[PDB]
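Notes follow the structure.
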Amino acid sequence: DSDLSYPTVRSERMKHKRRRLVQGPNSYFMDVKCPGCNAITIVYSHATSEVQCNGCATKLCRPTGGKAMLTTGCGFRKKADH
Amino acid sequence: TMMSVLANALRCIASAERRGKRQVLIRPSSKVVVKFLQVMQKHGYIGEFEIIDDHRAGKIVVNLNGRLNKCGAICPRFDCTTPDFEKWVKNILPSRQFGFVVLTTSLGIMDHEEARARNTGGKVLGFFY
Amino acid sequence: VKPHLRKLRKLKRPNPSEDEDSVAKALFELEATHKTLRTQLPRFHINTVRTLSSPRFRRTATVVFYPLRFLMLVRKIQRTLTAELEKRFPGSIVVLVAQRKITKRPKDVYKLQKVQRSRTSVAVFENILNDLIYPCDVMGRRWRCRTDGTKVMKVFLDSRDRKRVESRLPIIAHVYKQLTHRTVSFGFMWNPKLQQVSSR
Amino acid sequence: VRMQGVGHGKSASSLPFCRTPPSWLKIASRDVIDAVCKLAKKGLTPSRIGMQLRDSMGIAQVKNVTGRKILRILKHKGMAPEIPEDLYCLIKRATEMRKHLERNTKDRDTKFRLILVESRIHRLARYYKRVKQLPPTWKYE
RNA sequence: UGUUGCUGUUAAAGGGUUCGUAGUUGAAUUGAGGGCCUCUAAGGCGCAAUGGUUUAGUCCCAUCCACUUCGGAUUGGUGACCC
RNA sequence: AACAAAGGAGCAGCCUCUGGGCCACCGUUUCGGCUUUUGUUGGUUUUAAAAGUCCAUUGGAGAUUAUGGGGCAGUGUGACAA
RNA sequence: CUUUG
């Protein structure tokens, strides 16, 4: 059990992102809608800035932490990785 | 830092074959490491292996048997000639029976028997028992 | 002269072959009244030559060739065009392969390092394969070396695309073979991030 | 290990195995290249431009779509900086520390640091005269 | 006296710490072809086809027991498997 | 394996057939040199080749080798008084 | 349409 050329789920998913056999990212993109307009802006999950709503300006996120955190009352769908 | 890629393979492989592992991981990779395994793999010291792609630097995996005892590299890559071989065979190998020394010759990467036969000298590379 | 052999390069026009004609015609046919901007694009586009490769399978391997400068204009429309041709020609798959020319190793140190990397064997062969399975992409490569010294290669796709491409594969393999003279196999997976493999 | 300090970090970024761009993008080459140069006019360095452009436009690695990298783009339009970002950064840092020491002469830590910085300046400069990208008449102070 | 081939926690021996020139050492990559003709040629976990009578075993039918804990039968179907 | 070179916009360079037009080049610190034929030698000239350059023009390729596409139709002219 | 202003 647990061949090292063909691991399970468990024996990958834990590990730090460079210590897989793949060395993928760890992040994704999203779409976000504001109450004050009809738009979709496309925003980065670990944004690390304040981003002004596409065509509006009010800030859809705060840059805080190692993962950025959406401004309140703004709805958010996710997107694929593919 | 990381200097020799080659010896960062053959040291891993060696140790693991003692410790009772049936497989090994080898984190950097080279156009040298590959060849060195291909040799061994003929005789039966190495059973198979895989080569994984990451598009930066590869990884490699190795299978094992129990029929390998030690392998290593002879680091400065000294020089050898048609009579010279018997020096190395009296030294690094335990006997003139079952060992092999590995060389890089004009023709390509080979093992001492083959070398002498075709009458090339060349630099030296590593060994395996 | 013919109105439909301006969808073919100059130098095959006077005395054309058979399979050449069918394709050329089809493009000229399509070129009017198929909505917007695949009724302008294929004008510019021309074919270089053609081949029709015949395996022992149910279906046969129609392979096109067109020169490399039209590459940009093909990718956009590529999905569409592949559909349209499959309609017309029955019992044959259809693939669009751009045409490239390689440079071999010189065995000189100083010559080697001046080679344009794009046209070296590797990067060429990669692109060829990509052109075949166009939307599917390559999610991993591996090479498995046997006891016999014999290297194989295998390529991993996404299950998300699977039902579409699935049937086509043995054909596609045969095509890739008689172009590169290297072998290819295909698996799928279903999570590329952690890297598992389909069993379904 | 750290260049002239000690420490082992491993904070890093690993981009994906696939080098092909997403399905969902509705940009093409033109659109990208525009936005690059446009923001450069503010006085952003290559780093800052790339960060702005992932957080608003969803273009991750510019190289994937545009077929070339941030600095190449700007060189071709002549907006590339005369003295490259990485060393210019250092120089700015160093100057500030020197100012501080004109008032604070019993500070010791700062001066230990200043050494390290100034050293690093040299080493970079010497690889921008080994690789031609400065005059050979370049000097620090 | 140690290039092959030494020793440095406590037996003789890591220099208080750091920067740093000469000097020594330094990651990956352009790439290794196929086709055809035979020989008892070592394998296919690929496939068509005939042979299984408990003369293999296992699924799905049948019937009676049965509240844990029953087994006779239709080569059941050349699903499957030897050979 | 070593040595030297490059630091990529440090480029954004189509080719070929044919015909026409113009045109002496080469070195130059106060005009020096000039391949052949006209029996041969000396002096003089004409003619052609080739090169330079422009125009017209034939077939073909393109992977910045860049046509092509797009813009102004500012050397301008001619084909519509609709 | 052998131009028009």
From the list D:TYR127, D:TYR140, which residue is within 13 Å of RNA strand E (Cβ to nearest atom), closer than 22 Å to D:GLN4 by Cα, more than 14 Å from chain C (Cβ to nearest Cβ) and part of a loop (DSSP other than H, G, I, E, B)?
D:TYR127
Do we find that C:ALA123 is within 11 Å of RNA strand E (Cβ to nearest atom) and either at the interface with another protein chain (Cβ under 10 Å from one of its Cβ atoms) or assigned to a helix (DSSP H, G or I) (or both) in this structure?
yes
Just to be sure I understand, how many residues within region D:22-58 are more than 19 Å from the chain's Cα centre (by Cα) and within 10 Å of chain A (Cβ to nearest Cβ)?
8
Of all residues in region B:14-47, which are more than 14 Å from chain A (Cβ to nearest Cβ) and more than 16 Å from RNA strand E (Cβ to nearest atom)?
B:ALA14, B:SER15, B:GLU17, B:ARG18, B:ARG19, B:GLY20, B:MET40, B:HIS43, B:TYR45, B:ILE46
Taking the conditions exactly as written (exposed (fewer than 12 other Cβ atoms within 10 Å of the Cβ), more than 14 Å from chain A (Cβ to nearest Cβ) and away from RNA strand E (no atom under 16 Å from the Cβ)), does D:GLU96 satisfy them or not?
yes
Find the helices (runs of 4 or more DSSP H) located wholly in region C:1-111 whose residues include 2 or more that are without any contact (Cβ under 8 Å) to a residue 24 or more places away in the chain, and list them.
C:18-30, C:71-88
Restricting region A:1-49 to residues that are more than 30 Å from D:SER47 (Cα to Cα) and hydroxyl-bearing (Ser, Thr, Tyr), the one surrounded by the most Cβ atoms within 10 Å (Cβ to Cβ) turns out to be A:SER5
Looking at C:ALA61, C:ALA24, C:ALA98, which one is among the small types (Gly, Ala, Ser) and closer than 27 Å to D:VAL65 by Cα?
C:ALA98
Checked A:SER27, A:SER11, A:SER2, A:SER49 against criteria (polar (S, T, N, Q) and in contact with an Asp or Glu (Cβ under 8 Å, 6 or more places away or on another chain)); the one match is A:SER49
Scan region C:169-185 and tell me whether some residue there is assigned to a helix (DSSP H, G or I) and within 16 Å of RNA strand F (Cβ to nearest atom).
yes
Any idea how many residues of region C:135-152 are more than 9 Å from every other protein chain (Cβ to nearest Cβ) and either outside any loop (DSSP other than H, G, I, E, B) or within 8 Å of the chain's Cα centre (by Cα) (or both)?
1
How many residues does region A:22-80 contain that are aliphatic (A, V, I, L, M) and closer than 30 Å to A:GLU12 by Cα?
9
Residue match in region B:69-88 (condition: within 14 Å of chain C (Cβ to nearest Cβ) and surrounded by 12 or more Cβ atoms within 10 Å (Cβ to Cβ)):
no
If you take the residues in region B:90-106 that are more than 14 Å from every other protein chain (Cβ to nearest Cβ) and over 23 Å from B:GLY66 (Cβ atoms), which one is farthest from RNA strand E (Cβ to nearest atom)?
B:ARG96
Residue, surrounded by the most Cβ atoms within 10 Å (Cβ to Cβ), within region D:20-49, restricted to residues that are of a type outside the set (A, V, I, L, M) and under 16 Å from D:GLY78 (Cα atoms)
D:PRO46
Would you please name the residue that is nearest to C:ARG6 (Cα to Cα), looking only at residues in region C:44-88 that are among the charged types (D, E, K, R) and surrounded by 16 or more Cβ atoms within 10 Å (Cβ to Cβ)?
C:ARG50
So D:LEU116 ticks every box in (1) within 15 Å of the chain's Cα centre (by Cα); (2) aliphatic (A, V, I, L, M); (3) within 13 Å of RNA strand E (Cβ to nearest atom) but one. Which box is left unticked?
(1)
Sort out which residues of region B:8-28 are in contact with a helix residue (DSSP H, G or I) (Cβ under 8 Å, 6 or more places away or on another chain) and within 16 Å of RNA strand F (Cβ to nearest atom), and write them in order of number.
B:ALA9, B:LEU10, B:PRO28
The residue that is nearest to RNA strand F (Cβ to nearest atom), considering only those in region D:99-120 that are surrounded by 12 or more Cβ atoms within 10 Å (Cβ to Cβ) and among the charged types (D, E, K, R), is D:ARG120
Single residue of C:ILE128, C:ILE102 found to be under 18 Å from the mean Cα position of the chain (by Cα), among the hydrophobic types (A, V, I, L, M, F, W, C) and within 8 Å of RNA strand E (Cβ to nearest atom):
C:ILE102
Quick check: is even one residue across region B:1-12 part of a loop (DSSP other than H, G, I, E, B), within 14 Å of another protein chain (Cβ to nearest Cβ), within 12 Å of RNA strand E (Cβ to nearest atom) and not aromatic (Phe, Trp, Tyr)?
yes
All but one of (1) out of contact with any strand residue (DSSP E or B) (no Cβ under 7 Å at 6 or more places or on another chain); (2) in contact (Cβ under 8 Å) with a residue 40 or more places away in the chain; (3) within 13 Å of RNA strand E (Cβ to nearest atom); (4) not in a loop (DSSP other than H, G, I, E, B) hold for B:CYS75; state the number of the condition that does not hold.
(4)
Is it true that some residue in region A:50-65 is surrounded by fewer than 16 Cβ atoms within 10 Å (Cβ to Cβ), more than 10 Å from chain D (Cβ to nearest Cβ) and within 19 Å of D:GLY50 (Cβ to Cβ)?
no
Wholly within region D:1-79, which helices (runs of 4 or more DSSP H) include no fewer than the required count, namely at least 1 residues that are over 21 Å from A:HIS46 (Cβ atoms)?
D:29-40, D:62-66, D:70-76
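Since every read-out is calculated from the coordinates, none of them should be taken as a lab result. Every residue, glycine among them, receives a Cβ derived from its backbone with ideal geometry; neighbour counts consider all protein chains shown.
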